[PDB]
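Have a look at the structure below, then the notes.
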Amino acid sequence: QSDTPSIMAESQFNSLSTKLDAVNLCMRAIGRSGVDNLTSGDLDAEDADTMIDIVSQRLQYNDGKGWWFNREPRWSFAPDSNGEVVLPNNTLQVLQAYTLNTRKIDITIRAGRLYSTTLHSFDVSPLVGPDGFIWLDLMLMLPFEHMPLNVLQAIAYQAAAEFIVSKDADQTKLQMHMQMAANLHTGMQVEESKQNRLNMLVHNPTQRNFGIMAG
Amino acid sequence: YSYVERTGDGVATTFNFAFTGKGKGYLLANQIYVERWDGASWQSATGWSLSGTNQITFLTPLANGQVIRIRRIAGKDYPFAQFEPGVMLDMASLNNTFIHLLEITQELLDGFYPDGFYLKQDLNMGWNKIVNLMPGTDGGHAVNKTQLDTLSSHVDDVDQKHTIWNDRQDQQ
Amino acid sequence: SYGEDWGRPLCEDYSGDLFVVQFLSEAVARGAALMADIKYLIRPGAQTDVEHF
Amino acid sequence: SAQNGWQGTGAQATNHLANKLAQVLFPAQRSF
């Protein structure tokens with residue numbers, strides 16, 4: 001009885017998630033077919049691998065802030081007794097936390113561990129917060145994996161266009177990829193504000209303060 | 001990895017799962033297994049049917065707080081495909097076999113052991129703790145700190161009632 | 001009213017108008033407050049520096 | 001509280017109406 005389980009069990013979507021498929025997609029529009037293995041022995045195979053890695057943080061950074069998945073709210077470091085604190089792994093940028101009764105102090109990121117210009121001391125003991133572990137906001141870099149499916153498509157097409165112009169010189173192929181990838185970026189950036197939605201009131205300190213009074 | 005657990009709370013009749021791997025995660029539709037927890041031991045559910053890519057439809061809505069999980073079961077005896085003279089080499093079979101050899105590993109990697117399983121040799125964890133274990137039931141079952149605390153408290157109880165019993169005799 | 005143990009006030013008939021007036025008044029006040037705030041801007045690649053400005 | 005909230009027209013209007021009815025309906029200077 002019934003046929004819904006029988007027929008569509010064979011159905012297959014085969015979405016793209018592997019890094020290799022992005023390389024294979026990047027290996028099209030150029031000639032030769034893609035490589036079966038990431039390592040392989042083909043020079044162009046690792047050349048595409050380099051493009052994906054380079055364009056990763058470029059795209060993930062947008063202009064200034066990245067998307068919601070790059071957000072990392074209030075951290076606590078508690079710098080060691082030896083001296084300054086070392087920034088975890090690779091960070092795109094570091095910003096100071098913005099809670100109440102917190103004066104503005106300069107934070108600048110050198111190789112790993114940070115630097116405070118006003119103090120001019122590469123170790124920062126005194127500018128620690130009162131009973132606080134120098135709360136601050138930063139932005140990690142996720143690898144090619146551990147990312148939504150849409151951003152994987154966006155990064156692949158953007159990298160493909162850069163590979164073509166470096167490798168080949170053709171107006172028609174280059175024009176389509178740049179235009180079509182930009183379409184996806186806007187089609188994806190539109191939901192970023194649509195997600196984690198924010199409004200004029202409440203969030204703006206002066207608007208919320210006006211709202212509480214005379215009401 | 002291989003297992004996905006879902007807790008239904010009324011009304012809901014469709015539950016979704018996600019096996020690890022590219023695309024769907026399971027090679028054949030027979031690889032899905034549905035088990036239900038009755039509060040004592042895991043039982044095999046009945047009446048479920050496949051009404052989606054990874055969503056299954058129950059005949060009746062599950063009771064509130066009911067806990068079930070979805071498993072992927074792969075053949076543990078034979079290789080997926082065999083190659084013989086005079087046949088086209090099929091990459092579809094070649095890809096499926098490698099997934100088959102992998103999918104059994106995540107089964108073992110997530111601790112899913114076949115029934116009637118016991119390791120024949122002494123095992124040591126090299127100075128590592130055992131956690132999350134309720135008090136044992138049989139004499140041959142292990143005991144955790146909670147039972148030791150219970151016995152230790154009882155020893156304190158007999159100690160203290162000895163003190164009250166022996167002290168008021170001391171006045172005579 | 002007929003068969004009623006308690007009377008009705010005059011504000012009952014125009015609570016709706018009072019609510020509408022409140023809505024329009026809060027809209028006007030919020031718009032005025034929003035317009036009062038200044039935000040300031042600078043164009044990227046400005047060839048000028050705010051620190052000395 | 002006693003805040004008028006966003007709008008204050010209603011409170012002033014009802015105060016004026018109640019006061020004027022009190023004054024007219026019970027004149028203070030003369031007997032009613």
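Naming works like this for the structure tokens: A, B, ... for the chains as they're shown, residue 1 at the start of each chain, ligands 1 onward in shown order.
Proximity to chain A at a cut-off of 12 Å picks out residues 1, 2, 3, 4, 5, 6, 7 and 8 of chain D on chain D, counting only C-alpha atoms.
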task: Show which residues sit within 8 Å of residue 33 of chain B, as a PyMOL selection string. Count only C-alpha atoms, and ignore same-chain residues fewer than 5 positions away.
output: chain B and resi 70-73
Find the residues around segment 94-107 of chain B up to 12 Å (only C-alpha atoms counted), leave out those fewer than 6 positions away in its own chain, and share them as JSON, numbers by chain. {"A": [36], "B": [1, 2, 3, 19, 20, 21, 22, 23, 24, 25, 26, 27, 28, 31, 71, 72, 73, 74, 75, 76, 77, 78, 79, 80, 81, 82, 83, 88, 113, 114]}
Those residues with C-alpha atoms, as a PDB file, in the first residue's frame please?
ATOM      1  CA  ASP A  36      40.303  13.548  -8.255  1.00  0.00           C
TER       2      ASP A  36
ATOM      3  CA  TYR B   1      28.000  11.238  13.440  1.00  0.00           C
ATOM      4  CA  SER B   2      25.958   8.148  12.616  1.00  0.00           C
ATOM      5  CA  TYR B   3      23.187   8.624  15.180  1.00  0.00           C
ATOM      6  CA  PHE B  19      23.986  11.079   9.028  1.00  0.00           C
ATOM      7  CA  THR B  20      27.549  12.196   8.404  1.00  0.00           C
ATOM      8  CA  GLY B  21      28.919  12.157   4.868  1.00  0.00           C
ATOM      9  CA  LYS B  22      28.572  13.848   1.513  1.00  0.00           C
ATOM     10  CA  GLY B  23      25.029  14.359   0.284  1.00  0.00           C
ATOM     11  CA  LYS B  24      22.576  12.144   2.143  1.00  0.00           C
ATOM     12  CA  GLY B  25      24.860   9.954   4.275  1.00  0.00           C
ATOM     13  CA  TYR B  26      23.347   6.498   3.693  1.00  0.00           C
ATOM     14  CA  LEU B  27      23.753   4.427   0.539  1.00  0.00           C
ATOM     15  CA  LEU B  28      20.462   2.497   0.619  1.00  0.00           C
ATOM     16  CA  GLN B  31      20.130   1.335   6.221  1.00  0.00           C
ATOM     17  CA  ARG B  71      20.726   5.111  13.403  1.00  0.00           C
ATOM     18  CA  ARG B  72      22.427   4.112  10.157  1.00  0.00           C
ATOM     19  CA  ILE B  73      23.086   0.366   9.883  1.00  0.00           C
ATOM     20  CA  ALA B  74      25.557  -0.900   7.280  1.00  0.00           C
ATOM     21  CA  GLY B  75      26.495  -4.429   6.268  1.00  0.00           C
ATOM     22  CA  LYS B  76      29.408  -5.680   8.368  1.00  0.00           C
ATOM     23  CA  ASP B  77      30.248  -8.881   6.456  1.00  0.00           C
ATOM     24  CA  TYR B  78      30.625  -8.308   2.709  1.00  0.00           C
ATOM     25  CA  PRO B  79      32.246  -5.611   0.562  1.00  0.00           C
ATOM     26  CA  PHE B  80      29.805  -3.408  -1.301  1.00  0.00           C
ATOM     27  CA  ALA B  81      30.966  -4.360  -4.802  1.00  0.00           C
ATOM     28  CA  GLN B  82      33.072  -7.039  -6.485  1.00  0.00           C
ATOM     29  CA  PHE B  83      35.128  -6.631  -9.672  1.00  0.00           C
ATOM     30  CA  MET B  88      33.267  -1.874 -17.278  1.00  0.00           C
ATOM     31  CA  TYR B 113      28.673  -2.169  19.292  1.00  0.00           C
ATOM     32  CA  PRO B 114      26.820  -5.273  18.049  1.00  0.00           C
TER      33      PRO B 114
END
re atom CA of residue 126 of chain B and atom CA of residue 139 of chain B: distance 25.7 Å
- For segment 42-52 of chain C, work out the shell of residues within 12 Å, counting only C-alpha atoms and skipping chain neighbours fewer than 2 positions away, then give it as JSON, numbers by chain. {"A": [63], "C": [39, 40]}
- prompt: Which value, in Å to one decimal, gives the distance between atom CA of residue 159 of chain A and atom CA of residue 26 of chain A?
  reply: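 Pair atom CA of residue 159 of chain A / atom CA of residue 26 of chain A returns 7.3 Å.
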